[PDB]
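Student: Chains as they are written, first to last, in my numbering: chain W, 71 to 358; chain D, 17 to 160; chain A, 285 to 380; chain V, 15 to 110.
Would you mind keeping the following structure in view while I ask a few things?
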Amino acid sequence: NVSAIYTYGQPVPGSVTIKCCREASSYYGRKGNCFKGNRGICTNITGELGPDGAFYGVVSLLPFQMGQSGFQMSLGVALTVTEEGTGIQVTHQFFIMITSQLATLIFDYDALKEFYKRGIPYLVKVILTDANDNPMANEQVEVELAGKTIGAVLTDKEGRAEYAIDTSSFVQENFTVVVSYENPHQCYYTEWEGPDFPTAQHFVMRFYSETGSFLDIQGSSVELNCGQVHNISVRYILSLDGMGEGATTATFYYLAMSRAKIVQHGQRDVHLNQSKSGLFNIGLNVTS
Amino acid sequence: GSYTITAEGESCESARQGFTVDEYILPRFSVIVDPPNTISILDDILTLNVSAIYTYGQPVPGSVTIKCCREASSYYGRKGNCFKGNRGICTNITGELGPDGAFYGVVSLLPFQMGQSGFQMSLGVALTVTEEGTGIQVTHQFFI
Amino acid sequence: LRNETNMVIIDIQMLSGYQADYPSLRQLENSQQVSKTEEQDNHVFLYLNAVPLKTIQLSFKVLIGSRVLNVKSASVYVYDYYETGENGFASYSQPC
Amino acid sequence: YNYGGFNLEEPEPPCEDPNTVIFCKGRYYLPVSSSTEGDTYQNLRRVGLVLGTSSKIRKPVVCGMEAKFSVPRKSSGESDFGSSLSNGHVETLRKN
């Protein structure tokens, strides 16, 4: 969807001719690959503009070879535009890369804390897209801890899968989990001797607690604007053998620092109405 | 069915002359080939030399519709995993002989790709031998 | 159909030299009514669960064993097992 | 904490023996620990605050499996700031 314009915003009628092609593979010659492939299957097109300056050059690829050995994974694109009176010609060359991996799924390196705690579920959020970074419709992916598939989760219509993995009864030490997309249907074709389907592993470490009672804060992918008090979230487990049973209320303590300065202290006292755990929202009043 | 004579001797060694028993009517004339069977990528055109004659040792009149072709392969490609792509190619050609009785002839190898990645490294061949009155033929299939 | 039989068998005669193929065979077996298949010395037996009052259509590829030929037409004979008397004849010319 | 050639880190507490055998309820047990783990002591010393409460914060580490492991310093922050800050993008001036 190309156009052009004069020095001061004036339409530029003329002939636009386009060539886009590439060599097949050209390995080595001699004891390598003497006569192999061709000089490159190549086309030549032309079009006219003039209303105000515009050309919508749709091009067929069927004559070109999709899925064969004449590949170099990028199409060299050449455009030359001329003018009726002045045979002057304006040229622009560039490469358009021919992709291999349709869809990819990735960890969110804003969430995904690396240090984990027993009994408090670990959340895993992974983002899937295709080609030109599009949201992925409802698809099913799989979460496998060591070799066992546990996730089998459908997405949220735009590739933002989140999963709550149990953490109770784990004394494990390495715990490299990995995630997978298994589907025998997509136009996907093993290329660089890699995974036979999309995969992504995170290696995480246990955090230490002598008695066991765990705390975490909900991360945010967005900035917090000035002067807007919010209710940022915290979750907590208190095991028995902590404060001492019978006192069903604990004080949690709160701190901020801007550059090197202890700022805006806080404290919240909370009743453990249920057995041992819960979560809280922190009403922090942000300031410039 | 299968029937067999078994015979034991003095020292209990036994011969088993087996054989089939299936009623049948003796058939056809003689056909002879001798394909090179080994073909390089830098080969231009497939020369040929195939003969055949009657049961009596004299040439027979007819034609030879030779079939020779090859698909590419399973061919998983390069986009991330599995799930193979598209289909392949074949052809149809013919030959004739009988006056002296010889096709010899050749096969245009050029239409078939050369040195590409669309191969399974061997070529299939299937013969044919016609007669005027008797449309009876003799079977011959192999690979190169 | 009513109160006569609930099982059927078709046999098919080969000719000259030619055969069907086992891939075609087990492709076919994954079809309705196909209780049993059999290939025997140019005689194809197909033992089918029951009979429809409607048309049931089956087809199969045929290779060529020995390409000696003769201008003859082969036949298929269908019947039932309870009483074998009720049966049907048909034939078919060679595709050559 | 190591700022301007000033360490400010207090020394580690004594280590534990690798052979003391303790039984609690079932089987009979020996110490073991991993160097690569996390404590509130490493939770801090990443921001820079300091506390001195008499309570434990440092994880007890038995001998034989101490820190070693060279110096595990990866990106540790995912920086995006820099210099130059210009690619080619040749759009020469087109306006008065």
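Cβ coordinates follow ideal geometry from the N, Cα and C atoms, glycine included.
1) Note down, in chain order, every chain D residue with its Cβ under 8 Å from the Cβ of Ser139/W.
2) Give the residues of chain V in contact with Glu293/W, contact being defined as C-beta atoms less than 7 Å apart.
3) Which two residues bound the contiguous beta strand (DSSP E) that contains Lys195/W?
4) Is the number of C-beta pairs between the segment 87-99 of chain D and the segment 253-265 of chain W that are closer than 8 Å three or more?
5) Could you compute how far the alpha carbon of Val76/D sits from the alpha carbon of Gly111/D?
6) Mind listing which residues of the segment 90-108 of chain V have their C-beta closer than 9 Å to chain W's C-betas, in chain order?
7) Would you kindly work out how many angstroms separate the C-alpha atoms of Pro52/D and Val66/D, rounded to a whole number?
8) With a CB to CB cut of under 6 Å and the five nearest residues on each side skipped, what residues in its chain are close to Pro205/W?
9) Taking 8 Å as the threshold (C-beta atoms), are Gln157/D and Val141/D in contact?
10) Starting from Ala270/W, follow its DSSP beta bridges and name the residues at the other end.
11) For the 8 Å Cβ check, are there 3 or more pairs between the segment 289-299 of chain A and the segment 334-349 of chain A?
12) If you measure from the beta carbon of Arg310/A to each beta carbon in chain D, is any gap under 8 Å?
13) For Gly66/V, count the other beta carbons within 10 Å of its own beta carbon; 16 or more makes it buried, fewer makes it exposed. Which is it?
14) Which one or two residues does DSSP pair with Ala142/D in a beta bridge?
15) Just to confirm, does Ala74/W get its C-beta within under 7 Å of one of the non-hydrogen atoms of the ligand COA?
16) In the segment 91-102 of chain D, which residues sit with their C-beta less than 9 Å from some C-beta in chain W, listed in chain order?
17) What separation, rounded to the nearest whole angstrom, lies between the Cα atoms of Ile21/D and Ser27/D?
18) I need the straight-line Cα distance from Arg44/D to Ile348/A, nearest angstrom please.
19) Could you list which residues in chain V have their beta carbon closer than 8 Å to that of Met313/W, in chain order?
20) Taking just the CA atoms, how far does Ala173/W sit from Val122/D?
21) Could you list which residues in chain A have their beta carbon closer than 7 Å to that of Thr110/D, in chain order?
22) Hey, is the segment 350-357 of chain W in contact with the segment 32-42 of chain D, meaning 3+ C-beta pairs nearer than 8 Å?
23) In the DSSP assignment, find the unbroken beta strand (DSSP E) run with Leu330/A in it and report its ends.
24) Please report the distance separating the alpha-carbon of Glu87/D from that of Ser124/D.
25) Would you call the segment 294-307 of chain W and the segment 260-272 of chain W touching, i.e. three or more CB-CB distances under 8 Å?
26) Quick one: grab the DSSP three-state call for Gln56/V.
27) Where do the ends of the alpha helix (DSSP H) carrying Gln311/A lie?
28) Counting only beta-carbon separations shorter than 8 Å, does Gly151/D have a partner in chain A?
29) Can you find at least 3 beta carbon pairs, one from the segment 71-88 of chain V and one from the segment 52-60 of chain V, that sit closer than 8 Å?
30) Taking the beta carbon of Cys29/V as the centre, do at least 16 other beta carbons fall within 10 Å, making it buried, or is it exposed?
31) What's the gap between the Cα of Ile296/A and the Cα of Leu143/D?
32) Kindly indicate the opening and closing residues of the beta strand (DSSP E) around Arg100/W.
33) Evaluate the contact criterion for the segment 75-86 of chain V versus the segment 210-227 of chain W: three or more CB pairs, one atom per stretch, below 8 Å.
34) If we cut at 8 Å on Cβ distances, does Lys88/V have a partner in chain W?
35) Below 8 Å on the Cβ atoms is my guess for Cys380/A versus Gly151/D; work out the distance and round it to an integer in Å.
36) On the DSSP letters alone, give me the boundaries of the beta strand (DSSP E) that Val333/W sits inside.
Tutor: Let me lay it out:
1) Close partners of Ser139/W in chain D (Cβ separation under 8 Å): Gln132, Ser133, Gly134.
2) Those within 7 Å of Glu293/W in chain V number zero; the least Cβ separation is about 15 Å.
3) Counting along the chain, the beta strand (DSSP E) containing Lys195/W begins and ends at 192-200.
4) yes
5) 14 Å
6) Among the residues of the segment 90-108 of chain V, those with a Cβ less than 9 Å away from any Cβ of chain W are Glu92, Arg108, in the order of the chain.
7) Rounded to the nearest angstrom, the two C-alpha atoms are 11 Å apart.
8) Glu228, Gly229
9) Yes, Cβ-Cβ distance for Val141/D and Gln157/D is below 8 Å.
10) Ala270/W pairs with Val249/W.
11) yes
12) Cβ-Cβ to chain D under 8 Å: no for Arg310/A.
13) exposed
14) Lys83/D, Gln157/D
15) Looking for the ligand COA in the displayed structure turns up nothing, as the structure carries no ligands at all.
16) Within the segment 91-102 of chain D, the qualifying residues are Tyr91, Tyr92, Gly93, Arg94, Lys95, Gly96, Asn97, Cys98, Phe99, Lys100, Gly101, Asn102.
17) 18 Å
18) 16 Å
19) Ordered by position in chain V, no residue passes the 8 Å Cβ test against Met313/W, which lies about 13 Å from the chain.
20) Pairing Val122/D with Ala173/W, the inter-Cα distance amounts to about 50 Å.
21) Correct list: empty, because the minimum Cβ distance to chain A is about 15 Å.
22) no
23) 327-332
24) 17 Å
25) no
26) Here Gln56/V sits in helix by DSSP.
27) 306-313
28) yes
29) yes
30) When all chains shown are included, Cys29/V counts as exposed.
31) 28 Å
32) Run containing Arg100/W: none in the beta strand (DSSP E); it sits in the alpha helix (DSSP H), 100-103.
33) no
34) No, no contact with chain W.
35) 7 Å
36) 332-341
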